[PDB]
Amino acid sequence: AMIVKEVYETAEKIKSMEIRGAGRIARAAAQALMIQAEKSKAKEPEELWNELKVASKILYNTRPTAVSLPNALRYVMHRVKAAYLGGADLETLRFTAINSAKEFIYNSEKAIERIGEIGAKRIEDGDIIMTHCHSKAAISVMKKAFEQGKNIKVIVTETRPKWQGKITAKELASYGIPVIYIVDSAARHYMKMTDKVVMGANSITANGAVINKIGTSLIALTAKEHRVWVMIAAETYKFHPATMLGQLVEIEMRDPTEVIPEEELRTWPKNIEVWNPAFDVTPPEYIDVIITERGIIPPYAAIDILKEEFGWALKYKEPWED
């Protein structure tokens, strides 16, 4: 019940997308549980255990679609839970939580560097790469390919409604990479000059489907139409455990004013509904490879990544639940 302010501020900052990107919100959430355990004034283990459960619930209940976030929380709290239930005293608990969270953060950072190097071998000198939204994993691949001296150009899609495309373009251009910026609508038109597509992921399902930023399934579709390789750069913690047992992933519907600003929308008629899905779902048939920190897989090998990292936990409850 004695939740420190950094937990609430991180939760809010995930909700408002001031902190965004599936990897980042997962690291931020691990960091929040880390600080809760740093600054906790609890005396008993039972007390700190209970603070960490509640912090974890607050953080889970921010944004639903990227399983990166629950997987972060799980990574920390499977360990914290095993400690507490094994009889660890206060400081043995405090450290288990803090250290588990530090592990996840470090492993996330290393995973992304690694995805960069693996994916870059798939990029060739002269390539024109089209990307969508702003994905650290995808940018790692493109950045690495450029540092290897491959002379590349990236077609960056603006990525409505929230313009993540702007971030992507200034970022790649600041590393020296030539950028071509277009609207989402122009993806087919420019698919004819594109050699490779590199996008990220928020959740990957057991059958190989990729839930990523709205628009992704379209770029994928047309890439298939033209035989351009769709490469999804994604850490293993993007893979979605509960899809193993039949769960559909929730698609986050965000506020209509991200599309039509409040000052404008209030003046619009009542029979207009504005629908603002945050993600769509791309089928495995439109994906060439998924580049994980453990290597290149075909998208249908997602079930293998999950069988072996994740499946064990599905017979238990979540490690923050009563």
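Each residue number is its position in the shown sequence, starting from 1.
When 197-205 is weighed against 95-103, 95-103 comes out higher, by mean CA B-factor as recorded in the entry. 308-316 and 19-27 differ in mean CA B-factor, and the higher of the two is recorded for 308-316. Across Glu38, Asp280, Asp288, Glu293, the entry's maximum B-factor at the CA atom is seen for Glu38. Across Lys81, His226, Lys136, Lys213, the entry's maximum B-factor at the CA atom is seen for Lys81. The deposited CA B-factor of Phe146 belongs to the middle third of values across its chain. Annotation for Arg114: C-alpha temperature factor in the highest third relative to the rest of the modelled chain, per the entry. Per the deposited record, the Cα B-factor of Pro64 falls in the middle third when ranked against the other modelled residues of its chain. Sorting the modelled residues of the chain by their CA temperature factor places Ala72 in the middle third. In the PDB entry, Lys57 places in the highest third of its chain by CA B-factor.
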